[PDB]
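Down below is the structure, laid out as structure tokens.
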Amino acid sequence: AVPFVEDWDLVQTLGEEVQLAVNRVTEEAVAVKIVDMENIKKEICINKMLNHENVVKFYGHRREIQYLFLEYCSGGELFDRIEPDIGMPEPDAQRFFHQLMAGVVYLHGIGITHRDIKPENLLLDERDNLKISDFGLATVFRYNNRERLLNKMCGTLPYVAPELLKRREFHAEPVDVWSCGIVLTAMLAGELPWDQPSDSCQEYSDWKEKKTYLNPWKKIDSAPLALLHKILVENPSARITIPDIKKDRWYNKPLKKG
Ligand SMILES: C[C@H](OC(=O)Nc1ccc(Cl)c(Cl)c1)c1nc2ccccc2[nH]1
């Protein structure tokens with residue numbers, strides 16, 4: 001074994017903590033999540049389940065203050081790529097949305113729901129490949145092929161699905177689909193549509209009344225807007241599922257060169 005190979009230097013804070021760690025010998029870069037301690041114990045267990053190119057990789061943890069060794073994403077947060085009131089070019093948004101769907105399909109396939117999808121939690125590597133990040137709110141919604149309904153209110157209000165605010169229990173998967181829809185809206189409009197999806201929120205009422213001549217909707221082309229009409233559906237049982245998102249016209253529209 002090579003001496004010093006287990007030493008990592010903390011080179012800079014990534015966000016309050018998360019530190020950029022660089023290996024003393026190989027100079028490999030990883031992100032180290034440092035948390036001063038059960039909620040963290042659940043995060044580690046779920047992270048140990050994960051292995052997908054669009055999910056932040058988990059390398060392991062040191063017990064010691066908990067240390068989480070995570071995939072370093074040098075491109076930063078998707079959040080920062082969104083220009084206020086503008087968004088980003090549609091081809092870039094579609095590519096990010098494809099990779100988001102890939103990561104969410106993977107998590108749902110192993111029975112995990114993230115529960116807080118938003119641009120702050122979608123990170124980018126050196127090639128701007130998207131990675132779903134931070135499973136501190138994640139939980140199991142399917143185990144031994146049996147679905148468990150959720151009831152814990154959590155997430156982030158502008159991104160959260162209406163059923164969470166309205167119903168005692170709800171299916172996990174439609175909630176993640178909804179937040180992905182809000183992320184898509186943010187990417188294409190550079191603004192979030194409403195403070196929260198409540199009947200008291202005027203902007204949300206305007207949407208249910210199909211007033212798409214207003215912002216953010218009028219900034220969005222008809223093709224992606226049509227997908228958003230199928231995702232941001234109030235009734236989670238009527239809301240489009242991911243298999244059907246994969247069949248959507250805009251989702252399959254050639255837009256971006258390699
Ligand atoms: C870093 C800063 O981020 C944002 O403003 N984030 C942001 C804006 C709207 C929404 Cl709805 C969301 Cl979720 C995020 C930024 N990024 C830029 C890109 C080009 C030009 C100016 C820019 N300012």
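Both backbone and side-chain heavy atoms feed into the values below; hydrogens, waters and symmetry mates do not. Starting from 1, each residue takes its place in the sequence as its number.
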All side chain to side chain donor-acceptor pair (under 3.5 Å) counterparts of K219, not counting sequence neighbours: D85, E191
Output field: ring centroids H229/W217 closer than 6.0 Å: no
Straight-line distance of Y59 OH to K57 NZ, nearest 0.5 Å: 8.0 Å
Donor + acceptor pair across side chains of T113, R142 (<3.5 Å): no
Test item: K256 and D92 side chains (from C-beta on) under 4.5 Å apart, heavy atoms: yes
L100 to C180 - nearest heavy-atom pair and separation: CD2-SG, 3.5 Å
Any donor-acceptor N/O pair, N144 side chain to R146 backbone, under 3.5 Å: no
Exercise: do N129 and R127 side chains pair donor with acceptor under 3.5 Å: yes
Nearest atoms (heavy-atom pairs only) where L184 meets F97: CG-CD1, 3.5 Å
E209 and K211 ion-paired at < 4.0 Å: yes
Side-chain donor/acceptor pairs under 3.5 Å, residues 237-244, sequence neighbours excluded:
| residue | atom | partner | partner atom | Å |
| --- | --- | --- | --- | --- |
| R239 | NE | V233 | O | 2.9 |
| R239 | NH1 | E163 | OE2 | 2.8 |
| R239 | NH1 | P174 | O | 2.9 |
| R239 | NH2 | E163 | OE1 | 2.8 |
| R239 | NH2 | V233 | O | 2.9 |
| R239 | NH2 | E234 | O | 3.1 |

Closest contact, heavy atoms only, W178 versus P197: CZ2-CB, 3.9 Å
Sidechain N-carboxylate O distance under 4.0 Å for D128, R81: yes
Spacing of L107 atom CG and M49 atom CE [to the nearest 0.5 Å]: 9.5 Å
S74 backbone acceptor or donor facing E126 side chain under 3.5 Å: no
Nearest non-hydrogen partners of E90 and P224, listed with the distance: OE1-CG, 4.0 Å
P193 versus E203, closest heavy-atom pair with distance: O-CB, 3.2 Å
Smallest separation among heavy atoms of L20 and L14, with atom names: N-CG, 3.6 Å
Exam field: side chain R24 to backbone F4, donor-acceptor pair closer than 3.5 Å: no
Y106 vs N51, side-chain contact (heavy atoms from CB on, under 4.5 Å): CA-CA, chis, key distance, verdict: CA-CA 9 Å; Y106 169 73; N51 185 26; 4.2 Å; yes
Check: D176/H108 side-chain N/O donor and acceptor closer than 3.5 Å: yes
Ion pair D199/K208, N-O distance below 4.0 Å: yes
Candidate list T212, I182, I220, test side chain to side chain contact (heavy atoms under 4.5 Å, CB included), partner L228, passing option: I220
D248 with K230: basic N within carboxylate O range, under 4.0 Å: yes
Short side-chain to backbone donor-acceptor contact, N252 and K246, under 3.5 Å: yes
Steps toward side-chain contact (heavy atoms from CB on, under 4.5 Å) verdict (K218, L225): CA-CA 9 Å; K218 60 177 161 181; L225 226 202; over 6 Å; no
side-chain contact (heavy atoms from CB on, under 4.5 Å) assessment of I132 paired with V56: CA-CA 6 Å; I132 299 172; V56 171; over 6 Å; no
Pairwise side-chain contact, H114 with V104, heavy-atom cut-off 4.5 Å (strictly under): no
Spacing of CG belonging to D195 relative to CD belonging to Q202, to within rounding of 0.5 Å: 12.0 Å
Any donor-acceptor pair under 3.5 Å from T26 side chain to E28 backbone: yes
Student check: side-chain heavy atoms of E17 and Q19 closer than 4.5 Å: yes
Centroid-centroid under 6.0 Å between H61 and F69 rings: no
Salt bridge (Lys or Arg N to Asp or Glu O under 4.0 Å) involving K33 - partner list, sequence neighbours excluded: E43, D134
Interatomic distance, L165 atom CG to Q196 atom CD [nearest 0.5 angstrom]: 6.0 Å
Contacts of type ring-ring contact (aromatic ring centres under 6.0 Å, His included), residue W250, not counting sequence neighbours: none
Test side chain to side chain donor-acceptor pair (under 3.5 Å) applied to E147 - qualifying residues, sequence neighbours left out: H171
Donor-acceptor pairs under 3.5 angstrom involving side-chain atoms of residues 151-161: please list them, not counting sequence neighbours.
| residue | atom | partner | partner atom | Å |
| --- | --- | --- | --- | --- |
| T156 | OG1 | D116 | OD1 | 2.7 |
| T156 | OG1 | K118 | NZ | 2.8 |

Contact check, side chains of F79 and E120, non-hydrogen atoms, under 4.5 Å: yes
